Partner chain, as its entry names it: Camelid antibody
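Presented below, as structure tokens, is a lone chain in the form deposited without the partner chain.
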């Protein structure tokens, strides 16, 4: 599978931007774009040899871990660190079979008894996304935590928090230019901070926004979607137009209308 590399060592806004652009390029094919927004490959009929992409992360501590992402939804399905690989609990038989095609050369394969969804990860981490700092520092530390898990150097709560960090800085950033922007700001000023309401609400609404845009009538939503500003105030989205500068990738829901 295609591999994209990124290192927190000496990371800059430009290196991070190039990385995210590369991830998006491997996630989508360019065959599906609606209202100027690219759509991820339809899972139905997708050959297994095109199902995943690998993101190899390295840090200043000279440690590396490789995340495996599902191209149909940008979900992080597992990772490899040295001679060991860990996968989140598959949601169905199709997915369980699919992951057997990842990291086939690793000596030790493990499948977590829990899923990789935020609700579960936050529960294990003992903290909600709104209380977990993001930035280059948190990412560098998350890479180390993931790397030392197999040897008992990392506790479950810390492992869960580390996944939460990686998922947002890689997958959510790939999904939303807005979130990518927020991560760029953190890198530019070397600051770590938890995601504000605008970030959390976008992450939580990705599925709904994808469906709303795809089922829209010429771009107009049948029912408005509520999002939050940075200060937590609510505002409604009635059209795809206002989201073009915000969302970079959508999960496939249905075929586009004629």
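Positions refer to the first chain, counted from 1.
Practice prompt. Decide which of the stretches 201-209 and 219-227 has the higher mean C-alpha B-factor, going by the entry.
Written response: 219-227 has the higher mean C-alpha B-factor.
Fill in: Stretch with the greater mean C-alpha B-factor as recorded in the entry, comparing 55-63 against 210-218
55-63 has the higher mean C-alpha B-factor.
Practice prompt. Name the residue from 163, 178, 110, 75 with the greatest C-alpha temperature factor listed in the entry.
Written response: Among 163, 178, 110, 75, the highest C-alpha B-factor in the entry belongs to 110.
Worksheet entry | 91, 182, 172, 133, ranked by C-alpha B-factor: the highest one | Of 91, 182, 172, 133, 91 has the highest C-alpha B-factor.
Worksheet item: Going by what the PDB entry lists, where does residue 16 fall on CA B-factor within its chain: lowest, middle or highest third?
Response: For residue 16, the deposited C-alpha B-factor lands in the lowest third.
Discussion item. Using the temperature factors of the C-alpha atoms in this entry, rank residue 33 within its chain: lowest, middle or highest third.
Written reply: Residue 33: CA B-factor falls in the highest third of its chain.
Worksheet entry | Chain-relative CA temperature factor third for residue 117 | Middle third, going by the recorded CA B-factors of the chain.
Discussion item. Please say which third, lowest, middle or highest, residue 4 falls into when its CA temperature factor is compared across its chain.
Written reply: Middle third of the chain for residue 4's C-alpha B-factor.
Discussion item. Splitting the chain's C-alpha B-factors into thirds, which one does residue 167 fall into?
Written reply: Within its chain, residue 167 is a lowest-third residue by C-alpha B-factor, going by the deposited values.
Quick note: we don't show the form deposited with the partner chain bound, though the next part is all about it.
Practice prompt. With heavy atoms only and a cut-off of 4.5 Å, decide whether residue 50 touches the partner chain in the bound PDB entry.
Written response: No - in the bound PDB entry, heavy atoms of residue 50 and the partner chain never come within 4.5 Å of each other.
Worksheet item: From first to last in sequence, which residues of 226-242 have any non-hydrogen atom within 4.5 angstroms of the partner chain in the bound PDB entry?
Response: Contacting residues: 229, 231, 233, 234, 235, 241, 242.
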